[PDB]
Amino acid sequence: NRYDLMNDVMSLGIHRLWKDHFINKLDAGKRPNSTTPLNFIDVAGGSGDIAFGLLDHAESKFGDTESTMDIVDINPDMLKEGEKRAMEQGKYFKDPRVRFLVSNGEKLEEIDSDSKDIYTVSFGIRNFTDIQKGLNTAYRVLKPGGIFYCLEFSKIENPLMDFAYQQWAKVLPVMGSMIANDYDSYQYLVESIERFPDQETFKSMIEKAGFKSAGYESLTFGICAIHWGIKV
């Protein structure tokens, strides 16, 4: 919930709409005239907004109740909350299709090479101590024709909006400290967005990982962005 709250606050809840757009744009899932089940992997899943979102979208639009989902997070306490959310909604709790896994996105040692059709990472890759290694691991995990999809904060192009965002980013750790004694969380959040490579640099890092037909779509003037790539 700590990350849920910071995402709610930083984006004023609009991250929900970014996630809805992200899922609809990817448009992943087993088509009705096919019996091959897709193997999803959602890295840095946390409470599971994307993982459950992908599964829900695949069912309602395609009638897919076959595809498997691996939800991966480095933090066991963050993962548990995802499974805790799964029981209360009562849909993906104790489901053979859905696996919760404690693992580092830079390694993913438990995952087999060339085993996954769809890789997603949503607002998590910026927290990786090594972003490139995580991108290389993403490539390793996917099989030919596999789609990499990333939702993450980015660079705001417009100077006025960026200037307003910087002040927002300045006042957040101050307010987080005074009200919630949470300076470190908000400062690390703000600094992780600042350090993160812009739309073009990140695209190059995705290409450097080995992905082809790589591109991006800046959302809400580039406060965040959707990056993609296809294997081979």
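Throughout, we count residues from 1 along the sequence that is shown.
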Greater mean Cα temperature factor according to the PDB record, 57 to 65 or 178 to 186: 57 to 65
Residue stretch of maximal mean CA temperature factor, 125 to 133 vs 78 to 86: 78 to 86
Per the PDB entry, maximal CA B factor within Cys150, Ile111, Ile156, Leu160: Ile111
Deposited CA B-factor, highest of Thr201, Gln167, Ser192, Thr35: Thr35
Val232 - Cα temperature factor, lowest/middle/highest third of chain: highest
For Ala51, the third of its chain into which the C-alpha B factor falls: middle
Assigned third (lowest, middle, highest) for the C-alpha B factor of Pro173: lowest
